[PDB]
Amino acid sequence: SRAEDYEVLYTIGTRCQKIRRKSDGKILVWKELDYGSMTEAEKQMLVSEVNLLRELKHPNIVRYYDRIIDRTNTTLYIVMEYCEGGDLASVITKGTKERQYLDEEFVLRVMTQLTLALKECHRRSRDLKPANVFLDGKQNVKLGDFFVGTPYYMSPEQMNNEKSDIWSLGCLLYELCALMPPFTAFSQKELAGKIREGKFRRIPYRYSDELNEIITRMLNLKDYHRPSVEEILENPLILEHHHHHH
């Protein structure tokens, strides 16, 4: 459980790094947290949060393996699973650039696997946005945990609840299909206006009426009209092959 046990291969983002465990060569990543400027109170909060990450064990949640303290650089390293497919944000950006919509099959995989991730989070009782959803090398979808930005996915009620998570999932799935979020605007007040009206374009026609129907239900203005996790998973669209596979 020391940094020396691992070799940094290179930096993914800014710090998050792809690393290799020396003992068996296993590829992982770690996230660097400089706690050198924190108070004792903040470090305590950090410790409890990290111990709670360690408890989450689910195929559709990014696996956290270890925590490493290097008192020399006052740096904490959270070691986690490597997701070779990167994040959903990049996938959506790629789709726009190459002017190519994503397969309905892929959207169904994300819907299925993220719904299961949410079901697990709710049972244990993480913002649902494309940058916080990762793809491994086997078509599996994993939920991670990362002012200026526009709050595209904020639910009507949250702007005034497990059904709020369903709204957010709805926005994410809509954006995967349309390559844009269901409500866009240049200011938050304008955005809020659009959200309260609850109107949006149908996802593109290449997608089935069945898929459009469920995403639209998730975007209902009334939280109680949005489908539950259980009701989503009962949908005839969702099949075994859309779930995770080792």
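Counting begins at 1, following the sequence as shown. We call the rigid core the largest set of C-alpha positions that still match within 1.5 Å between the two forms.
Chemist: In 9 other deposited structures of this protein, superposed by the rigid core, which stretch departs further from the shown form in CA positions, 52 to 60 or 195 to 203?
Modeler: After the core superposition, the stretch with higher RMS deviation in 9 other deposited structures of this protein is 52 to 60.
Chemist: Between 183 to 191 and 63 to 71, which one strays more from this form in 9 other deposited structures of this protein if you match the rigid core and compare Cα atoms?
Modeler: Between 183 to 191 and 63 to 71, the one lying farther away in 9 other deposited structures of this protein is 63 to 71.
Chemist: For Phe147, do at least a third of the other compared PDB entries give no atomic coordinates?
Modeler: Yes: coordinates for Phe147 absent from at least a third of the compared entries.
Chemist: Looking across the other entries that model both neighbours, is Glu175 missing in at least a third?
Modeler: Result for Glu175: never missing in the compared entries.
Chemist: Per the record, how many residues of the deposited chain fall between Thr14 and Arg15 without being modelled: none, 1 to 3, 4 to 9, or 10 or more?
Modeler: In the record, 4 to 9 residues between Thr14 and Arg15 lack coordinates.
Chemist: Unmodelled deposited residues between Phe146 and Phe147: none, 1 to 3, 4 to 9, or 10 or more?
Modeler: Per the deposited record, the segment joining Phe146 and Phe147 lacks coordinates for 10 or more residues.
Chemist: For the C-alpha atoms alone, is the average B factor greater in 88 to 96 or in 172 to 180, going by the entry?
Modeler: Looking at the recorded C-alpha B-factors, 88 to 96 comes out higher on average.
Chemist: Out of 147 to 155 and 109 to 117, which one has CA B-factors that are higher on average in the deposited record?
Modeler: Stretch with the higher mean C-alpha B-factor: 147 to 155.
Chemist: Whose CA atom has the top B-factor in the entry, of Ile27, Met38, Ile214, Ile203?
Modeler: Each of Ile27, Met38, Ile214, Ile203 was compared by C-alpha B-factor; the highest is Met38.
Chemist: Among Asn60, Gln44, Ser208, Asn220, which residue carries the highest C-alpha B-factor recorded in the PDB entry?
Modeler: Reading the PDB entry, the winner on C-alpha B-factor is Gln44.
Chemist: Relative to the other modelled residues in the chain, which third contains the C-alpha temperature factor of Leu128: lowest, middle or highest?
Modeler: Top third by C-alpha B-factor.
Chemist: Is the Cα B-factor recorded for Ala3 in the lowest, middle or highest third of its chain?
Modeler: CA B-factor rank for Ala3: highest third.
Chemist: Splitting the chain's C-alpha B-factors into thirds, which one does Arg71 fall into?
Modeler: Tercile = highest for this residue's CA B-factor.
Chemist: Using the B-factors in the PDB entry, rank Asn160's C-alpha atom against the chain and give the third, lowest, middle or highest.
Modeler: Within its chain, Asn160 is a highest-third residue by C-alpha B-factor, going by the deposited values.
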